[PDB]
Structures are given as C-alpha cells and as structure tokens.
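Asks: Residue numbers (the authors' numbering), protein chains in the order written: chain AY, 17 to 378; chain BK, 1 to 147. The beta carbon of each residue, even a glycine, is placed where N, CA and C say it ideally should be. Can you read through this structure? Questions will come right after.
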RNA sequence: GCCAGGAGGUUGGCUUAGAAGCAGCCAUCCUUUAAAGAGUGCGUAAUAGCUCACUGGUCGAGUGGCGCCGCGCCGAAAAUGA
Ligand SMILES: [Mg+2]
Ligand SMILES: [Mg+2]
Ligand SMILES: [Mg+2]
Ligand SMILES: [Mg+2]
Ligand SMILES: [Mg+2]
Ligand SMILES: [Mg+2]
Ligand SMILES: [Mg+2]
Ligand SMILES: [Mg+2]
Ligand SMILES: [Mg+2]
Ligand SMILES: [Mg+2]
Ligand SMILES: [Mg+2]
Ligand SMILES: [Mg+2]
Ligand SMILES: [Mg+2]
Ligand SMILES: [Mg+2]
Ligand SMILES: [Mg+2]
Ligand SMILES: [Mg+2]
Ligand SMILES: [Mg+2]
Ligand SMILES: [Mg+2]
Ligand SMILES: [Mg+2]
Ligand SMILES: [Mg+2]
Ligand SMILES: [Mg+2]
Ligand SMILES: [Mg+2]
C-alpha cells in the first residue's frame, strides 16, 4: 500500500503552509476587546477558529504516522518490522476521515443522485457506447454498495440507447458520481463500419440529487388583493347596480386577472382564483428551471473536444484530460474501476477548481 | 495588602498550553506575559501529570495574576475509573457508567483541601452527587446499618 | 421599607463558535452556618455587576393567599341635531 501513501500524505500537506499564515491573521484578531463588540460580524471571526481543529488534527495525526511508520519497516521478514505494520492499520482507518471531510462539503453530496446518459457526436457507434457507460456506472453502484433503479431507458434503432437515466440510491450517491459530469470520449475501430477503421464517438453524462414542491402556499390571502366592480355588458338594472366582476391581482408578482362570466360575485371570485393558480404555477415552473438545470452544466457541447476523459481501446489507455492523469486498462475501467479515478484525482480537481476559487478571489 | 480588578475562571492541561481561546481573549484584554508568568505555571506541572486542572484565576490591577492552581472538577473523578471524555445526554434514564461507592471515596481525598467542605465523610456525598446528574448511579454495601 | 451577607466544590453533566445560576436537553449533592435555592429577573459574545428567595438587626401592629356572592369599571367607532 506504499503507492497511495505519499498521495494521501502530501494531500494534507499543501494545506499546511497556506492555512498556517491565515489562521495567524485570525487568531491575533480574536484578542482585542474591540473585536467581539461587533454583533454577528464577530461570529465570522471566531468561526475560522473552528477550522483550526480540522487542520491541526492532521498536523498531528498525519505527521506522526509518517515519522514513526517510515522508520522501523525498511527491512525484516516478520519480526519487529511486520509488527509495526498493524500499528498503522488505523492509519488507513483515519485516512477515511480526511478523505470524507472534503467531499461532503459539496452542496448536496450526502443525498442520492440522478444520472442521465445521452449519445452524441460519433454516429450509431456513439449510440452503442452510451449503453456501455450505463453498464459501467450500473456495476459501479452495486460494487460501491449502492442500489439502482432505471428511471427511464430507450433502445436505439440498431444500437441500444438513444437516452437513459438511472437513479442511484445510498449516501454520497451525488458525491462520487459528481466528477462523472461532462462528455466522455471513445476511440476504437467501429463495429458498425464496413471498412472498420478507427472512429471516435462521444456521449454526455449528468448528475443531480432531488427536490420537492409548493403549490398552495403561494396563494396566501395576505399576498393578493381582490377588487369588485360593476360588469360590462347586458344584465338589466341588476348589472348596473350589482357589481359581480372581480379583479384578483397578485401584489408581489404583479400579475393580475379579471373575471365576470357568471351572474355571481362568488363564482367569479372563485373562477378568477383558479385562473390565477394556473398562471402562478406556470410562473413557478419557469423559475424552477434555472435552479434545476443550471446545475447540470454551464455548457456541454457534446461535440468534438467537449470531452473530459478519453477511452482508447486500440492502444488500451484511458485518460482524464482534467487531472492529466493516465491509465492502462480501458477494458476494466468500463466495468467498475471508477474508484481509482474519482478517489485520488477526480474529486480532487473537482473541488480544487472551486476550492482555489474561493480561497483567492470569488 | 493586595489588589484585584476583575476575576475570571479558566481551564487547561497540567503542562501543555496554547494562546488560543477561550484562554486567548483572556491573556490579551488584561495582559499576561508568557515570558515570566507562565514559568510559574510549569513549576507545578513538571512533576505532576496532566488533568482537568482549573486555575482559579484572580487578576490584579497591575495586569498580573494569581497562579494558585486549584483542584479539578468533581466530574474529573467519574471519568477516572471509567475513562470517558463526555457524559450521558440524559442523567436519569440511560447510564454511561457505574463507578462503585469505593471509587468515589478513594480519589475524592484530593478534593478536600481546596474545598470548604469538612471531613471525608462529607466530601463523600458531593462526588457521588456530582454523578447523580451526569448519567450514573453508585453501588455500595456498608451504608446505613443503623441500630 | 431601610443596614449586612447572599458563597464554597460549582465554571452542574450534555448539546454548542460561546451556553460560567440565566437558548435548549436531562435534572432531585453538600457545607462555613443564623441563612443563600446545582438558581426569580435583568445585564453578557462568554463572564463580573443588580435582586429576590433565606437568615441577622431595627421597627412595632397586624398581614398575605385563595374560593364565593352583590353592585359597578374597561372592552365600546357612523354618517341631518342632540
Ligand atoms: Mg402577516
Ligand atoms: Mg371592460
Ligand atoms: Mg338580453
Ligand atoms: Mg339589460
Ligand atoms: Mg344591488
Ligand atoms: Mg347594492
Ligand atoms: Mg467570579
Ligand atoms: Mg431604615
Ligand atoms: Mg446586601
Ligand atoms: Mg443591600
Ligand atoms: Mg453568607
Ligand atoms: Mg442570602
Ligand atoms: Mg450586594
Ligand atoms: Mg450534585
Ligand atoms: Mg448550586
Ligand atoms: Mg455571581
Ligand atoms: Mg457593573
Ligand atoms: Mg368568585
Ligand atoms: Mg362572584
Ligand atoms: Mg353588567
Ligand atoms: Mg373611548
Ligand atoms: Mg347627524
């Protein structure tokens, strides 16, 4: 297990010098009496002190399992050297906590997730590749300990999928499948091509947890104003002296509506409200779109080069264009070996591009 | 003669020490030189081990302090036979331990000189009492006897 | 009503950035002693500060709570002049 040591060790090492200088500018700010006088402004101050716990603990735990472990173990069959191995069996136990406490910090990492696959540039082979990816994440779920349900799926003309969607249950379902965003790339001699030469094919992937609803709470009586007024058109003296028309404007949203199709004020006041309900439902569905579709991807051309990870079956090599990381087993990776990818490199760069954005300028 | 402007209650291990709060704002808004004042803190913590030693502070007018180290809380005695670092969330129903009537007696001797409570007979009920409300009930034998 | 103390372990166990009798959760020690409740309210970022509860003194004659009945008070704004 000496191949993942320096990876996890140095992983908690780059936070040492940076947080060292910042916590110093804060800890000395917590001294002067004039600081705490600020109401909630001072909470943001003592808050950063609540981080000197989830940083100094590694300065002690990770540093001790590096100074003591690396010593007595350089050479010996099983005497005092192999006996020092179980001494750090908890070093892999504690490795779990440092890894976890940097993934759940995502928006909704803890809850489940939905993953929709859809073919793209690459002809009918691309339509066939999508089913491969489906069968990849599917096995990756069971083997991760997750449950799976195909929420929807549609076979292609000759391939096997023009579209597919799969809800993965279990904790951190959105966390692990997060870096699976974007279009992947496939390279291999096309099984559908007569000359069988090497063709490229693409396919997009998306991930997102889940939400709820709120239909009636909107039509709170406190919000909208209701008006009464005589009706336009026929009626006799009854129409002139009896106001039955109604105008139910929604004050906040400003959207108004008027009705007077029936001789009655209540049945108009009633209808005019069922009408406002429909429009206010269609106004909540429009705003319900940006906050449930912008999370998918701010782009995703699915074209060429829009990919973030290529899988070449000719020369046998996958490659994450994000971490620059490489590999030599596309045949197994497209079966469940996503852990090696998501764990070390994927979640890293994923949180890195946002973790370097906040701790600098954003 | 003596002098005091504002007292305060602080805690810390019997040896190690750090300027961070809640001890932070303390030795910063009243002054406390770690160049000589702390050298009166390590003298009584060199031979003695570590514990929940709460320094019953008493700041003077001249920024100085009274490093008279007082005995740990009566709750430090329960987590000595058990080994816990907390306490039950509901003292009454559940139970995090069961220190016998003997444990409460042996380590409680340390608490009498600092406390104002009388003999070891009186210093016995206090420690068991500081356990009646922290999720635990003692078990004894001699007890009443009576006529 | 006024003079004085109003505490010690204790900073109650747990939650929590902080919860020092005083957001919340769970609650049933003792002792200097004449008396002071692991605490009534305010004050705090967390504390110190104020007070009751209780005891001492002074005063010097009544005082406090609860149930019931009679009558009454508020709740109570309109359009030609009451
Ligand atoms: Mg209102
Ligand atoms: Mg009209
Ligand atoms: Mg007509
Ligand atoms: Mg008519
Ligand atoms: Mg009419
Ligand atoms: Mg009318
Ligand atoms: Mg004090
Ligand atoms: Mg008087
Ligand atoms: Mg007084
Ligand atoms: Mg007074
Ligand atoms: Mg007293
Ligand atoms: Mg008193
Ligand atoms: Mg006073
Ligand atoms: Mg007690
Ligand atoms: Mg008490
Ligand atoms: Mg006090
Ligand atoms: Mg004051
Ligand atoms: Mg009555
Ligand atoms: Mg009555
Ligand atoms: Mg009446
Ligand atoms: Mg009036
Ligand atoms: Mg009039």
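Just checking residue 257 of chain AY against ligand 5 - is the residue's beta carbon closer than 8 angstroms to any of the ligand's heavy atoms?
Replies: Flag set: Cβ of residue 257 of chain AY near ligand 5.
Asks: For residue 25 of chain BK and chain AY, any beta-carbon pair shorter than 9 angstroms?
Replies: So yes, residue 25 of chain BK belongs to the interface.
Asks: Can you tell me whether residue 9 of chain BK sits near ligand 7, meaning its C-beta is under 8 angstroms from at least one heavy atom of the ligand?
Replies: Residue 9 of chain BK Cβ: within cutoff of ligand 7.
Asks: Report whether the distance from the Cβ of residue 75 of chain BK to the nearest heavy atom of ligand 14 is below 8 angstroms.
Replies: Every heavy atom of ligand 14 is 8 angstroms or more from the Cβ of residue 75 of chain BK, so no.
Asks: Under the criterion of a Cβ to heavy atom distance below 8 angstroms, does residue 250 of chain AY qualify as lining ligand 3?
Replies: Yes; taking the cut-off as 8 angstroms, the Cβ of residue 250 of chain AY has a heavy atom of ligand 3 nearer than that.
Asks: Under a CB-based cut-off of 9 angstroms, is residue 11 of chain BK close to chain AY?
Replies: So no, residue 11 of chain BK is outside the interface.
Asks: Using Cβ-Cβ distances below 9 angstroms, what residues of the stretch 45 to 73 of chain AY are close to chain BK?
Replies: Listed by position, the residues of the stretch 45 to 73 of chain AY near chain BK (Cβ gap below 9 angstroms) are 46, 47, 48, 49, 51, 52, 62, 65, 68.
Asks: Of the residues that make up the stretch 23 to 43 of chain AY, which ones have a beta carbon closer than 7 angstroms to any beta carbon in chain BK?
Replies: Listed in sequence order: 43.
Asks: Could you pull out every residue in the same chain whose Cβ sits closer than 8 angstroms to the Cβ of residue 160 of chain AY, ignoring the five residues on either side in sequence?
Replies: Correct list, in chain order: 186, 192, 355.
Asks: Residue 147 of chain AY: buried (16+ other C-beta within 10 angstroms of its C-beta) or exposed?
Replies: The residue is buried, with at least 16 neighbouring Cβ atoms inside 10 Å.
Asks: If you count every other CB in all the chains shown that lies within 10 Å of the CB of residue 170 of chain AY, and 16 or more means buried, which is it?
Replies: Exposed, since its Cβ has fewer than 16 Cβ neighbours within 10 Å.
Asks: Could you spell out the range, first to last residue, of the alpha helix (DSSP H) harbouring residue 158 of chain AY?
Replies: Where residue 158 of chain AY is concerned, the enclosing alpha helix (DSSP H) stretches over 139 to 158.
Asks: Quick check for students: name the residue ranges of the alpha helix (DSSP H) that lie wholly in the stretch 55 to 130 of chain BK, counting only runs of 4 or more.
Replies: 78 to 81, 103 to 106, all fully within the stretch 55 to 130 of chain BK.
Asks: Give, in chain order, every residue of the stretch 106 to 131 of chain BK whose Cβ lies closer than 9 angstroms to some Cβ of chain AY.
Replies: Cβ contacts with chain AY: none found.
Asks: Based on DSSP bridge pairs, tell me the residues matched to residue 327 of chain AY.
Replies: Residue 327 of chain AY is bridged to AY/202, AY/334.
Asks: For residue 175 of chain AY, collect the residues of the same chain with a Cβ closer than 6 angstroms to its Cβ; drop the 5 residues on either side in sequence, then sort them by chain order.
Replies: Here the set comprises 140, 143, 144.
Asks: Where does the unbroken beta strand (DSSP E) through residue 134 of chain AY begin, and where does it stop?
Replies: 129 to 135 is the extent of the beta strand (DSSP E) around residue 134 of chain AY.
Asks: Do you know offhand how far residue 216 of chain AY's Cα is from residue 313 of chain AY's?
Replies: Looking at the two C-alpha atoms, the distance is approximately 23 angstroms.
Asks: For residue 17 of chain BK and residue 10 of chain BK, what's the separation of their Cα atoms in angstroms?
Replies: Approximately 12 angstroms between the Cα atoms of the pair.
Asks: Relative to ligand 14, is the shortest distance from any of its heavy atoms to the C-beta of residue 70 of chain AY smaller than 8 angstroms?
Replies: Because no heavy atom of ligand 14 lies under 8 angstroms away, the Cβ of residue 70 of chain AY does not count as near it: no.
Asks: Give the DSSP-derived three-state secondary structure of residue 67 of chain AY in the structure shown.
Replies: Three-state DSSP puts residue 67 of chain AY in a helix.
Asks: Comparing C-alpha positions only, which one of BK/56, BK/87, BK/42 sits nearest to residue 95 of chain BK?
Replies: It is BK/87.
Asks: What is the DSSP secondary structure of residue 215 of chain AY, reduced to helix, strand or coil?
Replies: Residue 215 of chain AY: strand per DSSP, three-state reduction.
Asks: Which residues does DSSP list as the beta-bridge partners of residue 6 of chain BK?
Replies: BK/59, per the DSSP bridge assignment.
Asks: With H, G and I counted as helix, E and B as strand and the rest as coil, what does DSSP make of residue 272 of chain AY?
Replies: It is coil, neither helix nor strand.
Asks: Tell me which residues share the same chain as residue 343 of chain AY and place their Cβ nearer than 6 angstroms to its Cβ, disregarding the 5 neighbours each side in the sequence.
Replies: So the list reads 334, once near-sequence residues are dropped.
Asks: May I ask you to list, following chain order, the residues of the stretch 71 to 100 of chain BK that have a beta carbon less than 8 angstroms from some beta carbon of chain AY?
Replies: Here the close residues number zero.
Asks: I need the boundaries of the beta strand (DSSP E) containing residue 165 of chain AY, first residue and last residue.
Replies: Looking at the DSSP string, the run of the beta strand (DSSP E) that includes residue 165 of chain AY is 164 to 170.
Asks: Starting from residue 243 of chain AY, trace the alpha helix (DSSP H) both ways and give me its first and last residue.
Replies: Here residue 243 of chain AY belongs to no alpha helix (DSSP H); instead the beta strand (DSSP E) covers 240 to 245.
Asks: Since residue 180 of chain AY sits in a beta bridge, which residues does DSSP pair it with?
Replies: Beta-bridge pairing links residue 180 of chain AY to AY/133, AY/169.
Asks: So is residue 349 of chain AY buried or exposed if we call it buried at 16+ other beta carbons inside 10 Å?
Replies: Flag for residue 349 of chain AY reads buried.
Asks: Please classify residue 222 of chain AY as buried or exposed, where buried requires at least 16 neighbouring CB atoms within 10 angstroms.
Replies: With 16 or more other Cβ atoms within 10 Å, it is buried.
Asks: With residue 117 of chain AY and residue 70 of chain AY assumed to form a contact (beta carbons below 8 angstroms), what rounded beta-carbon distance in angstroms separates them?
Replies: That pair is a contact at about 7 angstroms.
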